[PDB]
Amino acid sequence: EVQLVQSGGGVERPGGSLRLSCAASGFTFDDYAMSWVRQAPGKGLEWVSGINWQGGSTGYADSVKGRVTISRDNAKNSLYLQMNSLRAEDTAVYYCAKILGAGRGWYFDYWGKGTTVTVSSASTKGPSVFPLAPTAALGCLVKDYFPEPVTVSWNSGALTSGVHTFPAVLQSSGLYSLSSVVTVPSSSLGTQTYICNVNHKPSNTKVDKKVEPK
Amino acid sequence: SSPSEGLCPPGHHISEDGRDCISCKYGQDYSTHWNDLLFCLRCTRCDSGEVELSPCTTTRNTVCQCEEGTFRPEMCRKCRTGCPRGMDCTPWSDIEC
Amino acid sequence: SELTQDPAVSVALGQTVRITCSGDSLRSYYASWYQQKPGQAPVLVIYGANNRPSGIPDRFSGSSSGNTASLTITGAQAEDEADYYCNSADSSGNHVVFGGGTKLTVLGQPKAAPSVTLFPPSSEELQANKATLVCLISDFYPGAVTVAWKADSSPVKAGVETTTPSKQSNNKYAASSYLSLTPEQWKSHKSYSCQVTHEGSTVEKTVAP
């Protein structure tokens, strides 16, 4: 049976170059057409480029035309996509896919595991933690940090009940932000101290923010 | 409008009663010949390997042409690269040897 | 170009569902469907006419009338809660085009209304000349919600960031939404609203300067 090995999960700055490579085994490769098809984080599939069995026909989605290039080496059962001048919107997972026929087409009967490509303007940044003052509900806004991930805890890790950390959202600025919100009794606001522990290891940051009632 | 000799003209199918020539819907269905049929035949839709050489009219069904590097009535085939011993690929013919 | 399919549908286990994909080029190019279980390579389901690769269930069936293709699952089992996209060539013939995808949920747990909590900007942030509203949603099933922001009465698209729903310990979903604004934009309006449309019904929370 068919096998397809992608590779090269790359982090790259905008305007930079990658060369996604796909190798294929377990079927005659030069009998069949190929194509790259992507998908940005949790937002629908998108066709990138197509190639003919021989290498003649080559199709490119308007969103990439002129920027990327497609080519196969039937001698090495390989298919590439050179990327040039990346865009922040090229942030996607990229699947090399076998088109069912010999001609250039839209029936991808096989899909590689897909390589992840990340394009970010931003550089490493520590978070700016703001407290979310107040059964009461308080928390910590872990605003503007790069890259992923970050560890949130409470009272030196001594509290694990009522704790909820939400997955971080990449902003249009390219800097992540998340919230952790804990639920506590109304009586606790007079007898207990509430500090969150935010540790961002990629930037070597440890911030302990006190949450006091406004 | 009116069925000549029990038959409706190309691009039409006769009505249920027998008195009217209803026209085929362009893009949807067609008829090629003088006929007393109850419906027009639906247009052929193109498969992957193919492009729409002539779009489907009312008098004419759709022509799907095999793409660059293949040829044809069920699926586009890959062209024979070389010839056998002692002996050009088009969108409708293999290589001739 | 662009063929539009509903972003979210549902079925009760053992029932039938038809996912339709609509686009003025599906008048002259056969469709084709894929299935994408969360964090797998899409898996081809029904290519054109109505033929299915070896290995995909009988249950599945592709159809076409006019400018609409339609994937149809009979007796949808548990192992069908996945994303199904469609594709054809574009209007011409050179490009390929994918449907916006449909989140097909298979009904396991009974339906749950979302739990909204909205936070106005903290004084510390405003002192740094910043302002961020935080709208936190949880405990909803099925996991597909429309989050909207309002300035008094007017829809606000700019400054908004939102996450894609995810399964909690309770199997229900949760999502977060953020509105970044200048403190001058914060004071210029009477009220700011976070509106969560789930299964039609919308839950609204409001905060004021």
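By the numbers in Swiss-Prot, the shown part of chain B spans 74-145, 150-164, 169-178.
How was it done? The header gives X-ray crystallography, 3.2 Å.
Cβ coordinates are placed from backbone N, Cα and C, and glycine is handled just like the others.
Database features (Swiss-Prot):
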- B:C81-B:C94: disulfide bond (DISULFID)
- B:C97-B:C113: disulfide bond (DISULFID)
- B:97-137: repeat 'TNFR-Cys 2' (REPEAT)
- B:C116-B:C129: disulfide bond (DISULFID)
- B:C119-B:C137: disulfide bond (DISULFID)
- B:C139-B:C153: disulfide bond (DISULFID)
- B:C156-B:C170: disulfide bond (DISULFID)
- B:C160-B:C178: disulfide bond (DISULFID)
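The structure, with features from Swiss-Prot marked on it.
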| residue | record | DSSP (3 states) |
| --- | --- | --- |
| B:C94 | disulfide bond | strand |
| B:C113 | disulfide bond | coil |
| B:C119 | disulfide bond | strand |
| B:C129 | disulfide bond | coil |
| B:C137 | disulfide bond | strand |
| B:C153 | disulfide bond | coil |
| B:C160 | disulfide bond | coil |
Disulfide-bonded residues (B:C81, B:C97, B:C116, B:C129, B:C139, B:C153) in Cβ proximity to chain A, threshold under 8 Å: B:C139, B:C153
Intermolecular Cβ proximity, disulfide-bonded residues B:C119, B:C137, B:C139, B:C156, B:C170, B:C178 versus chain C, under 8 Å: B:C119
Gap-flanking C-alpha distance, B:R145-B:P150 [4 residues absent from model], angstrom: 6
Entry from the disulfide-bonded residues list B:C113, B:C160 having the most other CB atoms no farther than 10 A: B:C113
Neighbours of B:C116 (disulfide bond) among the disulfide-bonded residues B:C94, B:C153, B:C160, B:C170, B:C178 (Cα to Cα, within 10 Å): none
Where the model skips 4 residues between B:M164 and B:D169, distance between their Cα atoms in Å: 13
Disulfide-bonded residues listed as B:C119, B:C170, least Cβ neighbours within 10 Å: B:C170
Lowest local Cβ density (other Cβ within 10 Å) among disulfide-bonded residues: B:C94, B:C97: B:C94
Other CB atoms within 10 A, centred on B:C129 (disulfide bond): 25
